[PDB]
Amino acid sequence: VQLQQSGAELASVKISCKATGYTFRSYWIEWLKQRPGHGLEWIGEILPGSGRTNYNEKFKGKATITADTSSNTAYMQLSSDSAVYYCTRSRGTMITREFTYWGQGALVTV
Amino acid sequence: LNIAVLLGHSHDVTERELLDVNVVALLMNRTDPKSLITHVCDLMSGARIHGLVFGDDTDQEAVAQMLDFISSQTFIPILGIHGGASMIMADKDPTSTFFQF
Amino acid sequence: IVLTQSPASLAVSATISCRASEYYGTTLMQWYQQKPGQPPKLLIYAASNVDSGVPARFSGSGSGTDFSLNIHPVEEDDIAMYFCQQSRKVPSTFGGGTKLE
């Protein structure tokens, strides 16, 4: 399992996260913010199989996450913040809810 | 999958004998509706449990009614195993997903 | 849930602490090791069980809202930041970071 993402940015933006190592319709996808100076944060998760979406209260109303079952890509849209972004996937054994597979990272700046 | 097994019993049934499967084992004594609602809402925040297996030692049949109602309002299947909760009711509803024995 | 750990920086030639603000006999705390420029790696889960494929020099213990982490013997590997994560309530939150030298 390997992950790939979009390029750097410099309004609104969109970042892609493509899966090419498993069945993309089975596992959730989570988004993380890692603005320098602190550890990390948590935004939301999405299940491509059914489309159920949950969002964090702090980031509610500002980040919209969508997925495409055909191209196996993940889209997260921030509207109207300069931080490094990651898209990740759990191992699948559940309960632990840890993060094992990591993306490359897209650096947005204003 | 994530299944919760809750038993409301007076008979001494302990708990240790009880791709992604997890099981929850608990023992309960009280049977008041507020306790049921509180326990259901607490466990519903516990790692997305889809399965609920319930039994009762008392002989009150309103427990099954409340279980069916909460299952309908949460879209989660529930079973009846023993006691008033396992008593066969009159007419289930397609909106509900509660099933008995 | 809000986490806080001290010291922010550690000087050794060691131990770590993470105090919280349990799930039916199960502790929910995980420790991550993150070298500079690399994704995090899970180290300990359930606050007592180590991860397979990791050196045995790592061991941990804790309960309630006070948990701690210690390492022995000291080697070049433990030279990164560390944090603690909770999962009793959604959303999860992490620590504040802890260097080593």
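For this coordinate set, the PDB header names cryo-EM as the determination method and states a resolution of 6.14 Å.

**Q** Mind showing me how you'd approach the overall build of chain C here?
**A** Of the regular secondary structure elements, chain C holds zero helices and eight strands. The N-to-C order of helical and strand elements in chain C reads β-β-β-β-β-β-β-β. Taking 2.2 N^0.38 as the reference for a compact globule, 101 residues should give roughly 13 Å; the C-alpha atoms of chain C span a radius of gyration of 13 Å, in line with that estimate. Dimensions of chain C, computed from C-alpha atoms along their principal axes, come out at roughly 40 × 25 × 25 Å.

**Q** I'm lost on the overall build of chain B in this one. Help?
**A** The helix and strand inventory of chain B stands at two helices and five strands. N-terminal to C-terminal, the α/β element order of chain B is β-β-α-β-α-β-β. What you see for chain B is a C-alpha radius of gyration of 13 Å, in line with the 13 Å of a compact globule of 101 residues.

**Q** How should the state of the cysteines be read in this particular structure?
**A** When the sulfur atoms of two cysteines share a covalent bond, that bond is a disulfide. Disulfide pairing is shown between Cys17 of chain A and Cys87 of chain A; the S-S distance is 2.0 Å. Sign of the S-S torsion, about 85 degrees for the bond between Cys17 of chain A and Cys87 of chain A, identifies this disulfide as right-handed. Across a sulfur-sulfur distance of 2.0 Å, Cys18 of chain C and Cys84 of chain C are joined as a disulfide pair. Because the sign of the S-S torsion sets the handedness, a value of about 90 degrees for the bond joining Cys18 of chain C and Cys84 of chain C places this disulfide among the right-handed ones.

**Q** I tried to follow helix α2 (residues 62-74) of chain B on my own but got confused; where do I start?
**A** Residues that lie three or four places apart on an α-helix share one face, since the helix turns once every 3.6 residues. The end-to-end C-alpha separation of α2 of chain B is 18 Å, in line with the 18 Å expected for 13 residues at 1.5 Å each. Trailing α2 of chain B by a residue or two, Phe75 of chain B shows a phi angle of about 55 degrees, which is positive.

**Q** Mind showing me how you'd approach the interface of chain A and chain C here?
**A** The interface is formed by seven residues belonging to chain A together with 10 residues belonging to chain C. Residues belonging to the side of chain A that touches chain C are distributed by class as follows: three nonpolar, three polar and one charged.

Scoring rules and cut-offs
- Residues numbered from 1 in each chain as written, not as in the entry; some residues may be left out.
- Chains lettered and ligands numbered in written order.
- Part of a larger assembly, values for the part shown.
- Heavy atoms only, no water.
- Residues with missing side-chain atoms left out of burial classes, pairs and counts.
- Helix = DSSP H or I, 4+ residues; strand = E, 2+ residues; numbered from the N terminus.
- Rg over C-alpha atoms; globule rule 2.2 N^0.38 Å.
- Disulfide = S-S within 2.5 Å.
- Expected span 1.5 Å × (residues − 1).
- Contact = heavy atoms within 4.5 Å.
- Nonpolar A, V, L, I, M, F, W, Y, C, P; charged D, E, K, R; others polar.

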